[PDB]
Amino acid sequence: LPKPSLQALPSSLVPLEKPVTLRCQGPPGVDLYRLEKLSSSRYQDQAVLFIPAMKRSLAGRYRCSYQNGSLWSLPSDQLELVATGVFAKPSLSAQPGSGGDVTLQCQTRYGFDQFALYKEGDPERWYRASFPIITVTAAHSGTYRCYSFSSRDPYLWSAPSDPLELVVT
């Protein structure tokens, strides 16, 4: 029985105290939906979870499936629900790197050992690193932002940096 989709709306990156809705969606008219959070082993017999205000304890991995007749579906793609604004924003700078590359430095006061950088748009481009140094091969002009976090709590992220407006030649 084919897998349903699991979406977080408006985003799976959710600032603390801001809203998010998790929606499980399979074929229409099925008997029952099951939505679960993996770390806590707490789940519901409903397709939709509205989170009115995001908390650190709600961040983590979610999945869902549906039941029709007695049979269960394959589970959804894991939904990575991240709480942002848990820490002070980092500050983002950019320099030329090796060859046709741009090196973005995601600066942070704390000892963080994970960094995620993105360019606004459709589609978004994402880049990950453990060093606060993210090289980007053939980068595009755009509005870049970085998030810093710890690998011991990988779903609690900082506030996003201020945007860096990059132009590349």
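Note that residue numbering begins at 1 and tracks the sequence as displayed.
> According to the deposited model, is the average Cα temperature factor higher in 24-32 or in 125-133?
Replying inline: For C-alpha atoms only, the mean B-factor is higher in 24-32.
> Which wins on mean Cα temperature factor, 70-78 or 83-91?
Replying inline: Of 83-91 and 70-78, the stretch with the higher C-alpha B-factor average is 70-78.
>> Among the choices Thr108, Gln114, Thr143, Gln44, identify the one whose CA B-factor in the record is greatest.
In response: Highest C-alpha B-factor among the listed residues goes to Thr108.
> Relative to the other modelled residues in the chain, which third contains the C-alpha temperature factor of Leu38: lowest, middle or highest?
Replying inline: Middle third by C-alpha B-factor.
> Which third of the chain holds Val48 when residues are ordered by C-alpha B factor: lowest, middle or highest?
Replying inline: Lowest third - that is where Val48 ends up once the chain's C-alpha B-factors are sorted.
> Relative to the other modelled residues in the chain, which third contains the C-alpha temperature factor of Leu58: lowest, middle or highest?
Replying inline: Bottom third by C-alpha B-factor.
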